[PDB]
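**Student:**
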Amino acid sequence: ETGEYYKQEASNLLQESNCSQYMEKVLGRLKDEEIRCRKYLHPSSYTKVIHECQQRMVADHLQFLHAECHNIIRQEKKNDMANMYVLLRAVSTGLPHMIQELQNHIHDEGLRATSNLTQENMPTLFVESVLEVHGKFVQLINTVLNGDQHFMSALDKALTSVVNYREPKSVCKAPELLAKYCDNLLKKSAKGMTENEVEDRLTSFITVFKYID
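In UniProt numbering, each residue carries its 1-based index in the sequence shown increased by 213.
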């Protein structure tokens, strides 16, 4: 009976609100349902009512979630993709679509950064652009998401592809740019950057180095 009630309730909520605030209404229901599930039922039914709740409220409308999550992820919606993940976490086949789409988002975000390579500062700009993408997106997986290895591997697979950008019949410049970054930093000539600050940048340089194919 709670399956049929949330089969009707799930279809009723989407017809009134968009997918952005659909998450809040559904999370406003599961949070309330978990409260009343422990006020009435036996403790052994907590993991079966909620599973029946999400099956008829999330896994049922799985196509609606995957179709619109493209707009959610590719807008850096912090407060909206957080609720998007927790609903798809429970469904077995819901989560693998979100990581794949984010893996494409990092690929497109990285290529946008690594396209206007100024010829006078090629190595420092390329390493910093990859570090800025990695340094900001690791926060998203650690602030509005949980540091799941599925997402972290999605980031690593995406950053591996964008760093090792192989043009047709042409060699990738990733080994040359990263190597030149080290040489441009260990030079005592021109302006130095002290002992402590140089090794700090080189410590973060390893993150870019690990994605070299």
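In this text, a Cβ means the ideal position worked out from N, Cα and C, and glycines have one as well.
Could you tell me which uninterrupted beta strand (DSSP E) segments, each at least 3 residues in length, are contained entirely in the region 329-403, listed from first to last along the chain?
**Tutor:** List check, beta strand (DSSP E) in window: nothing returned.
**Student:** Using a Cβ-Cβ cutoff of less than 6 Å, which residues in the same chain neighbour residue 219 once the five nearest sequence positions on both sides are dropped?
**Tutor:** Numbered from 1 along the sequence shown, position 6 holds the residue referred to as residue 219. Here the set comprises 266, 269 and 270.
**Student:** Please state the DSSP three-state secondary structure of residue 423.
**Tutor:** Translated into the one-based positions of the sequence shown, residue 423 becomes position 210. Coil.
**Student:** Go through its chain and collect everything with a Cβ distance to residue 247's Cβ below 8 Å, but skip five positions before and after it.
**Tutor:** As a first step, residue 247 must be located in the sequence shown, where it is residue number 34. Once the five neighbours on either side are set aside, the close Cβ partners of residue 247 are 259 and 263.
**Student:** Going by Cα to Cα distance, which pick from 302, 386 and 280 is closest to residue 314?
**Tutor:** In the sequence shown, residue 314 corresponds to position 101, counting from 1. Considering only alpha carbons, the answer is 280.
**Student:** Any chance the region 280-298 sits against the region 226-238, with 3 or more Cβ pairs inside 8 Å?
**Tutor:** Short answer: they touch.
**Student:** Just how far apart, CA to CA, sit residue 299 and residue 288?
**Tutor:** Here residue 299 refers to the residue found at position 86 of the sequence shown. Here residue 288 refers to the residue found at position 75 of the sequence shown. Computed Cα separation, rounded: 18 Å.
**Student:** Mapping DSSP to helix, strand and coil, what is residue 289?
**Tutor:** By one-based count along the sequence shown, residue 289 stands at place 76. Residue 289 falls in the coil class under three-state DSSP.
**Student:** Among 301, 370, 338 and 214, which one has its Cα closest to the Cα of residue 318?
**Tutor:** If you number the sequence shown from 1, residue 318 lands on position 105. Here the closest residue by C-alpha is 370.
**Student:** Quick test of the definition: if touching needs 3 or more C-beta pairs under 8 Å, does the region 410-426 touch the region 372-385?
**Tutor:** Yes: the two stretches touch, three or more of their Cβ pairs being nearer than 8 Å.
**Student:** Quick check: what's the CA-CA separation for residue 415 versus residue 312?
**Tutor:** Here residue 415 refers to the residue found at position 202 when the sequence shown is read from its first residue. Here residue 312 refers to the residue found at position 99 when the sequence shown is read from its first residue. When rounded, the distance between both Cα atoms is 30 Å.
**Student:** Is DSSP giving residue 228 helix, strand or coil here?
**Tutor:** In the sequence shown, the residue the question calls residue 228 occupies position 15. Here residue 228 sits in coil by DSSP.
**Student:** On the three-state DSSP scale, how would you describe residue 214?
**Tutor:** In the sequence shown, counting from the first residue as 1, residue 214 sits at position 1. Three-state result, residue 214: coil.
**Student:** State buried or exposed for residue 255, treating a residue as buried only when at least 16 other CB atoms are found within 10 Å of its CB.
**Tutor:** The residue given as residue 255 occupies position 42 in the sequence shown. Residue 255 comes out exposed.
**Student:** Enumerate in chain order the residues of its own chain whose CB-to-CB distance from residue 379 is below 8 Å, with the five nearest sequence positions on each side excluded.
**Tutor:** Residue 379 sits at position 166 when you count from the first residue of the sequence shown. Within the same chain, residue 379 has close Cβ partners 385.
**Student:** CA-CA distance, residue 360 and residue 418?
**Tutor:** Numbered from 1 along the sequence shown, position 147 holds the residue referred to as residue 360. Numbered from 1 along the sequence shown, position 205 holds the residue referred to as residue 418. About 22 Å.
**Student:** For residue 323, which option in 411, 342, 355 and 332 has the closest C-alpha, if you only look at C-alpha atoms?
**Tutor:** The residue you call residue 323 lines up with position 110 of the sequence shown. Taking only the C-alpha atoms, the option nearest residue 323 is 342.
**Student:** Helix, strand or coil: how does DSSP classify residue 310 here?
**Tutor:** Along the sequence shown, read from residue 1 onward, the residue named residue 310 stands at position 97. Correct three-state label for residue 310: helix.
**Student:** Nearest by alpha-carbon distance to residue 290: which of 356, 274, 253 and 328 is it?
**Tutor:** The residue labelled residue 290 in the question sits at position 77 within the sequence shown. Selected option, being the one with the closest Cα: 356.
**Student:** Rounded C-beta distance between residue 326 and residue 346? I'm assuming under 8 Å.
**Tutor:** Start at 1 with the first residue of the sequence shown, and residue 326 comes out as number 113. Start at 1 with the first residue of the sequence shown, and residue 346 comes out as number 133. The Cβ separation is near 6 Å, so the contact holds.
**Student:** Contact check, residue 358 vs residue 307 under 8 Å by CB: the rounded distance?
**Tutor:** Reading the sequence shown from its first residue, position 145 is the one you call residue 358. Reading the sequence shown from its first residue, position 94 is the one you call residue 307. Incorrect: roughly 14 Å between the Cβ atoms, too far for contact.
**Student:** On the DSSP letters alone, give me the boundaries of the alpha helix (DSSP H) that residue 271 sits inside.
**Tutor:** Position 58 of the sequence shown, counting from 1, holds the residue named residue 271. Here residue 271 belongs to no alpha helix (DSSP H), and DSSP marks it neither H nor E.
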